[PDB]
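Trainee: What follows is a single structure, and I will ask about it in a moment.
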Amino acid sequence: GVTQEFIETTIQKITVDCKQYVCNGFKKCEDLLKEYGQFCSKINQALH
Amino acid sequence: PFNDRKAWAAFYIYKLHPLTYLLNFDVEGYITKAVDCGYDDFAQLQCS
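For the protein sequence lines, the chains are B and A, in the order given.
For the deposited numbering, add 791 to where a residue sits in the first sequence, where the first one is 1.
For the deposited numbering, add 311 to where a residue sits in the second sequence, where the first one is 1.
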């Protein structure tokens, strides 16, 4: 008898351009987003 | 006058541009170093 088992070893590695994802390159959006701290850097570091 | 003639210095004028800068603040509160975010790819890495 043959028992088949799948054991995953990877997930797809995704890096998100936080600034472009949130603001789409708009100066007003970036100014309003800067009030949230350093969120984009935290996201980048976490994903990396 | 020719008795006490002196050679004076020169001043340099640099234009100010609207740019994103990564500023590093000293323990005394002074900006000791900065990064021009759009200047280089390493600078983009530092700013992101």
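Backbone N, C-alpha and C fix where the C-beta goes; we use that ideal spot for every residue, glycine too.
Which residues in chain C have a C-beta closer than 7 angstroms to the C-beta of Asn835(B)? List them in chain order.
Mentor: Judged by its chain identifiers, the structure shown contains no chain C, and its protein chains are B and A.
Trainee: Relative to the C-alpha of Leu333(A), which candidate in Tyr350(A), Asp315(A), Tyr323(A), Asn314(A) has its C-alpha closest?
Mentor: Taking the second sequence and counting its residues from 1, one reaches residue 333(A) at position 22. Nearest C-alpha to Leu333(A): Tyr350(A).
Trainee: Hey, would you say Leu823(B) sits closer than 7 angstroms to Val813(B), going by beta carbons?
Mentor: If you number the first sequence from 1, residue 823(B) lands on position 32. If you number the first sequence from 1, residue 813(B) lands on position 22. Cβ atoms of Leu823(B) and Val813(B): not closer than 7 angstroms.
Trainee: Taking 7 angstroms as the threshold (C-beta atoms), are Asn835(B) and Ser359(A) in contact?
Mentor: Residue mapping note: residue 359(A) aligns to position 48 of the second sequence, counting from 1. Residue mapping note: residue 835(B) aligns to position 44 of the first sequence, counting from 1. Yes, Cβ-Cβ distance for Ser359(A) and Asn835(B) is below 7 angstroms.
Trainee: What's the C-alpha gap between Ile798(B) and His839(B)?
Mentor: Here residue 798(B) is taken as the residue at index 7 of the first sequence, counted from 1. Here residue 839(B) is taken as the residue at index 48 of the first sequence, counted from 1. Each residue's Cα considered, the two are about 24 angstroms apart.
Trainee: What's the C-alpha gap between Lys833(B) and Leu327(A)?
Mentor: As a first step, residue 833(B) must be located in the first sequence, where it is residue number 42. As a first step, residue 327(A) must be located in the second sequence, where it is residue number 16. Distance between the alpha carbons of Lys833(B) and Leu327(A): 30 angstroms.
Trainee: Starting from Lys344(A), trace the alpha helix (DSSP H) in both directions and tell me its first and last residue.
Mentor: Within the second sequence, numbered from 1, the residue matching residue 344(A) stands at position 33. Not the alpha helix (DSSP H): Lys344(A) falls in the beta strand (DSSP E), residues 342 to 347.
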